[PDB]
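Peer 1: Below is the sequence, then the experimental coordinates.
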Amino acid sequence: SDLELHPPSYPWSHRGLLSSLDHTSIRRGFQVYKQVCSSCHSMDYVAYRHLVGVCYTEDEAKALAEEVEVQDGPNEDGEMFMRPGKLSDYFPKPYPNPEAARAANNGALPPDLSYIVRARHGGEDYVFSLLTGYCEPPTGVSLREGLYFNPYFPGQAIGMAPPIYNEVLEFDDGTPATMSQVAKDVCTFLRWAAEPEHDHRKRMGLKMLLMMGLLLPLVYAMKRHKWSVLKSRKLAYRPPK
Amino acid sequence: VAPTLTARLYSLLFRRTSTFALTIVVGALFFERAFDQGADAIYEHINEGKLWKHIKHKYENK
Amino acid sequence: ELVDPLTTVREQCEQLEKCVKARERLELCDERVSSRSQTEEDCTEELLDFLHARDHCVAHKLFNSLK
Amino acid sequence: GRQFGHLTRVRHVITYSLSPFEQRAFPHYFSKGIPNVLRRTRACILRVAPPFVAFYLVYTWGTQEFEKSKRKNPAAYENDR
Amino acid sequence: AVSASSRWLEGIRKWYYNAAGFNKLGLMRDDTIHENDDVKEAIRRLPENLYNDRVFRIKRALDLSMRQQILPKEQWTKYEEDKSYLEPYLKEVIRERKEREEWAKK
Amino acid sequence: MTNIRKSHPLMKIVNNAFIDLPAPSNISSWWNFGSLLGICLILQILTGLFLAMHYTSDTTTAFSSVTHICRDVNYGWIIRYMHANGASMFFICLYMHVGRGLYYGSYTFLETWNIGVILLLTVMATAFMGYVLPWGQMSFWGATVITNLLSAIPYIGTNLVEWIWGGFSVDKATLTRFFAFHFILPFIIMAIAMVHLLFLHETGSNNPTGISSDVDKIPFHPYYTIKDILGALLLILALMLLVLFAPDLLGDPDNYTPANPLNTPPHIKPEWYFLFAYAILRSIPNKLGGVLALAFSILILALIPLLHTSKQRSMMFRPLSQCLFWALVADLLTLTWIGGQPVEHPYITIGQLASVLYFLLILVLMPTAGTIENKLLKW
Amino acid sequence: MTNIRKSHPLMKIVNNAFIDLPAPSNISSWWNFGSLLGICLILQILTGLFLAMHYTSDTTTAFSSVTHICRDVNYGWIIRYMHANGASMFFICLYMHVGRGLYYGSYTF
Ligand code: HEC
Ligand code: HEM
Ligand code: HEM
Ligand code: HEM
Ligand code: HEM
Ligand code: FES
């Protein structure tokens, strides 16, 4: 029975219709996951195939891929692998198992974030706010210890300790790392996640439109051209009477 | 006075069914080749520095 | 350091009228809460409203102001 | 029988028409048609719109009616007792 | 139990009879009837002079619909103007089944 | 018919049910719909088909495959949404086809109606199962609800639940049974489609004016075919426009959440178009009451032709009833938004209000009105 | 055709493509086949259908499901074979239909 707050709508690089994603921040925001969210929340669904779309050179992310993986491979010739090899591989999960996952976070179940944007209502500003907002417990409230008070959380208490502060990290660029920037630099990343085709798919939009304005007036011409006769009728009642 | 292209073209193409259909089959080829190309910029000219086509110039060929 | 634009922009918005306005209600609540917090009374309700219009201001500003 | 032949009996009607090439696809389309908008748009609008307006009120009416009902607990009972 | 109010009724008629386009659109009360199988037998008994002049309107009538162009408002049909010509012949056939049905009971 | 390519194969003689089908002069775009309907049906057939290829129903695995579908499959993403994004459009294509029905009251054609009736009833049930396929949470519980709604039958209800289930749960059988049905089913509908057309070609088309147009008719092949050509593609636009720019707009159902049998979402509503029916479920406190309320609620359509009392057909010449007609329209549109909300009291009463309102509109008012007009009009 | 239940729905008029279809006198059992063919087709349709329910195609798993089918499914075993054992029969139903064809050389049509 919390008043459900809604995030103010922010402009974005992608916000507008034809507005695209910018990979520069996407590259950075990856590192964040490479740094932070690999703690608990996973993303299982994307191969290392990102390469050039996130601008990664074939070698760049391949060699980047190489370090990520590396587990066993010697069980009586039955294996998996160390050192992924190709890009098809996915991320190691920080937990093998919800049992292993939840207990580690002590009753909390970190969700997989792959599509989570499309899950939660209200787009990215949901999280960016949820990133931003942490408030001082009001007078007359208490929390479960792990739960940390943000009105953005639905029950407004979350076991997630605020990860982001100004310069949690250093970006790949060397850009000065800032709580908001570090936060805002990621907000493009998952927005990309659920829809890799996003950038590409918009092409058809402009493609179809100019294609579209073509034919309709054309059709609209033809139709009338036929109907030109019917609406041109005359009638004459000239009875022999 | 000379016949405007239509008078010509009709006598040229639209009259004979194939001929009529022929250039129709012809026009699209160069068209889409021209069409696909010319439109992309309009998309792209708007979308600048946000894509590795622009971005990866920062790091591409090292 | 780096100070952010983020919290930087906060104070200019919370400077605005309705902010401190409800922010007073926060006190008005909490003030009444203060001794009476023995009773169920809690101010979470109000602060939402405060923050509600707060960032709508912040909306138009710091996104453009960040990188 | 044959769909058109045996339809009905009709007497002493006459019809007049042209090739479509004889005329244009826009015989004063704008000029002539634009007035027609009204006589149809006024015709039903008497009969149709108002019910929705009532709805739209209810939309805000009940919402507002809803809103207070929960949104503020320190309303009927303020946080005093 | 109405006399002055009777006079006071006809307006709405005359009004309502103007509130349905066919008075503007050139019809009558007769020609707008839903189809009845008796109307068949009814239409049978119509002489052409009556029969035909019914017809030519419909032909003229529908045509405007395609173009949505309503007749010049003066030439619109009028409330005083009426003809029931259809109904009286309609009336006969009705009774006919009644009689038959009545006999047909027992 | 000398050397006519119609009769040379006997087959094409049948094909003369179209070319020379006579047709009425004045026709709203509102008669595009009948032909418009079949359009969606086709375009669908392909989409779910090629989609059917890479997808598999296996209770553990199935949903996972879908992820694979929009991502690693050639153009997998455009396709999923297509089959989906047609669906609602198709339904809006539906009601309109109905919509024309009463506004001109063409239901005078008798069993044809009843056909048009049953034809529909299957269709909605279809995608219902179709909606299970994504295996989302909302799917899961939504599935879980309605069968649990079924059981209330006084004596025999019980087994039929676990009979349709095939167990105590929502598990494999419940699913993969349907992946047959949600698939096998629509064909028979297509088979049915032609039948619904046949009867119409007993009598020929109806008009706007409630007036037999027989004095004038038109060869179909040249003309309405054209207006079709227009009317057809127009659909595609929004259909293709929604899909790309704002795909998830009508994708209001949010769950790609792998369905947790234990966990329950904060909210369960069926997808958009059910909801008024679903809303009416809430109304009756009697759980059984709402059932005979809900299912019957649509069955009313069968009952309409019984209540035509007037001496002229098309509404457009009876102004009074027309009000009711619209009056009913929003009333439907009303129940939506109420249905579009949870079970708090201000809505509840409001919801409780329009229910009995609803029937009165159709069941009494409509038949009541025309009588007086006859008397008013001296009939 | 006065009050004949053939024409009352227009549909059953079509149904008079059968009742009153004239037919030749001397006819071998060898003309049963044409009608005989469709028989298999129907009976099949159900079998693979209910079979389709419990079966699933997944390259790793699929075959396993079948084992489950003839064993733990209600009467699962009778059903599998049915759909199968119709098949060859149906084919032998086929060629015969052809067989009649040339022996009387009816292909004149
Ligand atoms: C402490 C390990 C950890 C860190 C580091 C971490 N997550 Fe959190 N995260 C969790 C856990 C556990 C929860 C839920 C806490 C609870 O349920 O009380 C959570 C909450 C969340 C939620 C909301 C809970 C939900 O159901 O969606 C999201 C989204 C999320 N994390 C993503 C992130 C993001 C984004 C970051 C980087 C800012 C991050 N995680 C870093 C473990 C972590
Ligand atoms: C997808 C479902 C349907 C399809 C494909 C379909 C197809 C058609 C077609 C092609 C026509 C001829 C054009 C037209 O009159 O619209 C038609 C007419 C009609 N259909 Fe169906 N129809 C469908 C659903 C229905 C339903 C649900 C009903 C009734 C509940 C119905 C009842 C009618 C009626 C009454 C007509 C004639 C309407 C008129 O005279 O204007 N149809 N339908
Ligand atoms: C009017 C026609 C149809 C409708 C309304 C319908 C209904 C649905 C529904 C409700 C879904 C799930 C919605 C979604 O996934 O977003 C769906 C997807 C699907 N439908 Fe249908 N169905 C129709 C015809 C078909 C056809 C012709 C096929 C197969 C040839 C089919 C098979 C499928 C399949 C395989 C899917 C999986 C794709 C997916 O679920 O994402 N359905 N359809
Ligand atoms: C399952 C496949 C088939 C079915 C269901 C089927 C069905 C029928 C039926 C019901 C008849 C009428 C009874 C009869 O004359 O046999 C028939 C006749 C015929 N069918 Fe088919 N038939 C099938 C396959 C074929 C094939 C494969 C051919 C040719 C390659 C064929 C050519 C004919 C011929 C020539 C006749 C007339 C034979 C005669 O006059 O005795 N049919 N078929
Ligand atoms: C003349 C009709 C059909 C023939 C000859 C045919 C062919 C086959 C064949 C060759 C098999 C595998 C043989 C075996 O499993 O021993 C089979 C099984 C199957 N058929 Fe068909 N099919 C026909 C119609 C159908 C129908 C109507 C369905 C589904 C409704 C269907 C679906 C299946 C399925 C699901 C199986 C799995 C059962 C199994 O493979 O053991 N087929 N059918
Ligand atoms: S059925 Fe569970 S609350 Fe109504």
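Peer 2: Great, that's in hand. Numbering: from 1, shown residues only, chains lettered A, B, ... in the order given. Ligands and ions are numbered 1, 2, ... in the order given.
Peer 1: ranges for the strands of chain D?
Peer 2: D:13-15 (DSSP state E).
Peer 1: closest point of chain A to ligand 3, which residue?
Peer 2: residue A:118 (12.5 Å; Cβ to the nearest ligand atom). Any C-beta I mention is one placed from the backbone N, CA and C, and that applies to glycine too.
Peer 1: Give the burial count for that residue, as a bare number.
Peer 2: Taking other Cβ atoms under 10 Å in any protein chain shown as the criterion, the count of residues near residue A:118 is 19.
Peer 1: How much space separates it from residue A:126?
Peer 2: The gap separating residue A:118 from residue A:126 is 11 Å, by Cβ to Cβ, to the nearest Å.
Peer 1: Specify the local secondary structure of residue F:273.
Peer 2: State at residue F:273, reduced to three classes by DSSP: H, G, I helix; E, B strand; the rest coil: helix.
Peer 1: helix or strand for the residue nearest to it when sequence neighbours are not counted, which one?
Peer 2: In space, and not counting its chain neighbours, residue F:273 is closest to residue F:91: 5.3 Å by Cβ to Cβ, 6 or more residues apart in numbering or on different chains. Assigned by DSSP states H and E, residue F:91 belongs to helix F:76-103.
Peer 1: buried stuff in that helix?
Peer 2: For helix F:76-103, the neighbour count (16 or more other Cβ atoms under 10 Å in any protein chain shown) marks F:76-91, F:93-94, F:96-97, F:100-103 as buried.
Peer 1: Likewise for stretch F:297-316?
Peer 2: Buried residues in stretch F:297-316, counted by 16+ other Cβ under 10 Å: F:297, F:301, F:304, F:310, F:312, F:313, F:314, F:315, F:316.
Peer 1: Name the nearest of these relative to chain D.
Peer 2: Set against chain D, the nearest of these by Cβ to the nearest Cβ is residue F:316 (9.1 Å).
Peer 1: circling back to that earlier point, kindly reformat the buried residues of stretch F:297-316 as TSV containing distance to chain E and secondary structure.
Peer 2: Shown next, in TSV, are those (distance: Cβ to the nearest Cβ, whole Å; DSSP: H, G, I helix; E, B strand; the rest coil):
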residue	distance to chain E	secondary structure
F:297	29	helix
F:301	21	helix
F:304	15	helix
F:310	7	coil
F:312	5	coil
F:313	5	coil
F:314	9	coil
F:315	11	helix
F:316	8	helix
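Peer 1: Widest-spaced pair of these?
Peer 2: Within the buried residues of stretch F:297-316, F:297 and F:312 form the most distant pair, 29.0 Å apart (Cβ to Cβ).
Peer 1: is stretch A:114-134 anywhere near chain C?
Peer 2: Yes: Stretch A:114-134 reaches chain C (Cβ under 8 Å from any Cβ of the partner chain) through A:129, A:132, A:133.
Peer 1: Endpoints of that stretch, how far apart?
Peer 2: End-to-end span of stretch A:114-134 (Cα to Cα, to the nearest Å): 24 Å.
Peer 1: Mind listing residues that contact it?
Peer 2: For stretch A:114-134, contacts defined as Cβ atoms under 8 Å, 6 or more residues apart in numbering or on different chains pick out A:5-10, A:12, A:43-46, A:148-153, A:162, A:164, A:180, A:183-184, A:187, A:190-191, A:193-194, C:6, C:51, C:55, F:248, F:251, F:254-257.
Peer 1: Mind checking which of the residues you listed are buried?
Peer 2: Buried members of the contacts of stretch A:114-134, scored by 16+ other Cβ under 10 Å, are A:5, A:7-8, A:10, A:12, A:43, A:45-46, A:148-153, A:164, A:180, A:183-184, A:187, A:190-191, A:193-194, C:6, C:51, C:55, F:251, F:254-257.
Peer 1: Right, and chain C sits closest to which residue of chain D?
Peer 2: With Cβ to the nearest Cβ, the shortest gap between chain D and chain C falls at residue D:79, namely 3.9 Å.
Peer 1: Packing partners of the helix ranked longest in chain B?
Peer 2: The helix that spans the most residues within chain B, counting by DSSP state H, is helix B:17-46. Using 3 or more Cβ pairs under 8 Å, 6 or more residues apart in numbering or on different chains; DSSP states H and E, the elements in contact with helix B:17-46 are helix A:197-230.
Peer 1: so does the helix it packs on get close to chain B?
Peer 2: Yes: using Cβ under 8 Å from any Cβ, we find that helix A:197-230 touches chain B at A:199, A:202, A:203, A:206, A:207, A:210.
Peer 1: In terms of secondary structure, what does that helix contact?
Peer 2: Here helix A:197-230 touches helix A:179-193, helix B:17-46, helix F:76-103, helix F:223-245, going by 3+ Cβ pairs under 8 Å, 6+ apart.
Peer 1: so which of those gets nearest ligand 1?
Peer 2: Among those, helix A:179-193 comes nearest to ligand 1, with 6.8 Å by Cβ to the nearest ligand atom.
Peer 1: could you check the angle helix A:197-230 makes with that closest one?
Peer 2: Orientation note: helix A:179-193 sits at an angle of 50 degrees relative to helix A:197-230 (axes from the mean of the first three to the mean of the last three Cα atoms, to 10 degrees).
Peer 1: Helix A:179-193 and ligand 1, any residue contact?
Peer 2: No: using Cβ under 6 Å from any ligand atom, helix A:179-193 stays clear of ligand 1, coming no nearer than 6.8 Å.
Peer 1: List the contacts of residue 58.
Peer 2: Chain wasn't specified; assuming chain A. Residue A:58 is in contact with A:51, A:52, counting by Cβ under 8 Å, 6+ apart.
Peer 1: not what I meant, chain F
Peer 2: F:172, F:176, G:56, G:58, G:61.
Peer 1: Can you add distance to ligand 1 and give these back as JSON lines?
Peer 2: As requested, these are exported to JSON lines (distance: Cβ to the nearest ligand atom, whole Å):
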{"residue": "F:172", "distance to ligand 1": "28"}
{"residue": "F:176", "distance to ligand 1": "30"}
{"residue": "G:56", "distance to ligand 1": "32"}
{"residue": "G:58", "distance to ligand 1": "31"}
{"residue": "G:61", "distance to ligand 1": "31"}
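Peer 1: wait, residue F:281 sits on residue F:290?
Peer 2: Yes: if you go by Cβ atoms under 8 Å, residue F:281 and residue F:290 touch, sitting 4.7 Å apart.
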